[PDB]
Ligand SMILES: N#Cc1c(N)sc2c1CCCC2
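Here you get one chain, nothing else, as structure tokens; it is the form deposited without the named molecule.
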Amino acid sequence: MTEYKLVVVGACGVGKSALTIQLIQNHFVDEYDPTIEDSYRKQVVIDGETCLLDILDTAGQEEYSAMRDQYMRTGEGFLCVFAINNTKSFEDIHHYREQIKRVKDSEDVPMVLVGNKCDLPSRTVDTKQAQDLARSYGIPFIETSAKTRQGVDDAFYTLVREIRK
């Protein structure tokens, strides 16, 4: 089976670990450890084709990780997750994209903007702003909610499809 390497990047607390655990084990975990950075492997069927997704659930970005460097150097796709109830994550998405483009040295990398925590009543990040930024960068935008699993599979499959094309 073809192996696609994905990196779940973003700010701390946005929900990268929750999204990845929701995808691989179909349940929601709260108060997950914010410093453990583990790579998971998930066998999926997309458009009828079977693939293996190796997802780096990024964490501990303050320190240096050789595995994180290797993943970002050879990253086939990125989930630039941000929390809609947190403006700072939406601001740091640009810095993360700049770092990814610098390390990859490529003007076109498969990235997907993800707005987590859609279930929360607060909407401090407007959907219009995220849609406009995604359109400007020409990349899909999916709103997910690891607490209710609304769109986790859709977001990951969209990222895989972006990898394919």
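Residue numbers run from 1 along the displayed sequence.
One more form of this protein should be noted, the form solved in complex with the named molecule, which is absent from this view; the next part is about it.
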Is it the case that residue 69, even though its partner is missing from this view, gets within 4.5 Å of the named molecule in the deposited complex, heavy atoms only? yes
Is the gap between residue 63 and the named molecule in the deposited complex 4.5 Å or less for some heavy atom pair? yes
Can you check whether residue 100 is within 4.5 Å of the named molecule in the deposited complex, heavy atom basis? yes
